[PDB]
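[1] make a model of this:
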Amino acid sequence: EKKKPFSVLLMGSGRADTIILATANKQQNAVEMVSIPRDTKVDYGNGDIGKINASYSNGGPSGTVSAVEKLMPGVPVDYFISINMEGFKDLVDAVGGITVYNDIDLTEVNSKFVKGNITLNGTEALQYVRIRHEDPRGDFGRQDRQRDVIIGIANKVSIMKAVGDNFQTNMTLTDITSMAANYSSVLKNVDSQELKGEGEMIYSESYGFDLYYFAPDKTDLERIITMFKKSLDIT
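    Numbers count the residues shown, from 1 in each chain. See below for the structure:
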């Protein structure tokens, strides 16, 4: 309310295959959001290890917050929103479509996604952000389209849930209007990036074979753990 920088944990889905940590600050009027690879490895427990998506978020999305608080000690997660690929669409329809500037030509290869601003709807949007090979930018490309869908939904988010269990958040219906009032950084200062690191295999008595893990790049992680703290208040 007092225009104090916060943070929000966006989750997509059981488990969370899409994790984005976003922190807003009216002062610097900008949004910093970093994407954590679903398989990212997090050190928590007396030997306990696991991927953030499955291994975690298996006791409520709040679990993911915890995993995100472990992967990044300093940074505090003020809020969080987790939606399924269903409530996601109903969230794009109920909001009345989404407008997105598609700078890449993703022709009728999959849909008539002409270049430029190509407004979409629930399903159209889910198909947009889900594209893979078609986008010559490979992985980065999805980080783009993902971003687009976030700003597209936010620049329209009066408040209602036609949806229900397919939507989840800890925000107050009487506190959503607050950020949607004082805060307007969703304009043009949204710089998103994806936590770097390297993947590695790891055996597991349970299965009998190695499992996949994305080992975070320490120096990179720190740059971020530090950058986020810089967006709130290094204290």
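[2] quick one: the helices in this protein?
    Per DSSP state H, the chain carries helices over the ranges 61-71, 87-93, 122-130, 138-154, 173-182, 218-232.
[3] hmm, who's touching the fifth one?
    Residues from elsewhere that reach helix 173-182 (Cβ atoms under 8 Å, 6 or more residues apart in numbering): 1, 3, 6, 24, 26, 157, 159. C-beta here means a position set from N, CA and C on the backbone, and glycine is covered the same way.
[4] the inter-axis angle of it versus helix 138-154?
    Angle of helix 173-182 versus helix 138-154, following axes from the mean of the first three to the mean of the last three Cα atoms, to 10 degrees, is 100 degrees.
[5] ditto for the third one
    Taking the same axes, to 10 degrees, one finds that helix 122-130 is oriented at 150 degrees with respect to helix 138-154.
[6] which of the residues in helix 122-130 are buried?
    122, 124-126, 128-129 (16 or more other Cβ atoms under 10 Å).
[7] what is it packed up against?
    Under the contact definition 3 or more Cβ pairs under 8 Å, 6 or more residues apart in numbering; DSSP states H and E, helix 122-130 sits against helix 87-93, helix 138-154.
[8] what packs against the last one?
    Translated: helix 138-154. Here helix 138-154 touches strand 18-25, strand 30-36, helix 87-93, strand 101-102, helix 122-130, strand 190-194, going by 3+ Cβ pairs under 8 Å, 6+ apart.
[9] one more time with 7 Å, if that's ok
    Contacts defined by 3 or more Cβ pairs under 7 Å, 6 or more residues apart in numbering; DSSP states H and E place helix 138-154 against helix 122-130, strand 190-194.
[10] and the last one, what other elements does it pack with?
    If contacts are counted by 3+ Cβ pairs under 7 Å, 6+ apart, strand 190-194 sits against strand 30-36, helix 138-154.
[11] for that strand, give me every contacting residue.
    Contact with strand 190-194 is made by 31-35, 37, 143, 147, 151, as judged by Cβ atoms under 7 Å, 6 or more residues apart in numbering.
[12] how about residue 78: what's its closest non-neighbour residue?
    Once flanking residues are discounted, residue 78 sits nearest to residue 6: 4.2 Å by Cβ to Cβ, 6 or more residues apart in numbering.
[13] what do you get for residue 152?
    That would be residue 98: by Cβ to Cβ, 6+ apart, it lies 3.6 Å from residue 152.
[14] that neighbour contacts residue 151, doesn't it?
    No - between residue 98 and residue 151 there is no contact under Cβ atoms under 7 Å: 9.0 Å.
[15] ok, these two, which is more surrounded?
    The neighbour comparison of residue 98 against residue 151 (other Cβ atoms under 10 Å) goes to residue 98, with 25 against 19.
[16] and the more buried one, how far is that from residue 61?
    23 Å (Cβ to Cβ, to the nearest Å).
[17] what do you get for residue 118?
    According to Cβ to Cβ, residue 118 and residue 61 sit 31 Å apart.
[18] which one of the two has more residues nearby?
    Neighbours per residue, other Cβ under 10 Å: of residue 118 and residue 61, the larger number sits with residue 61, 21 against 18.
[19] right, I'll leave it there.
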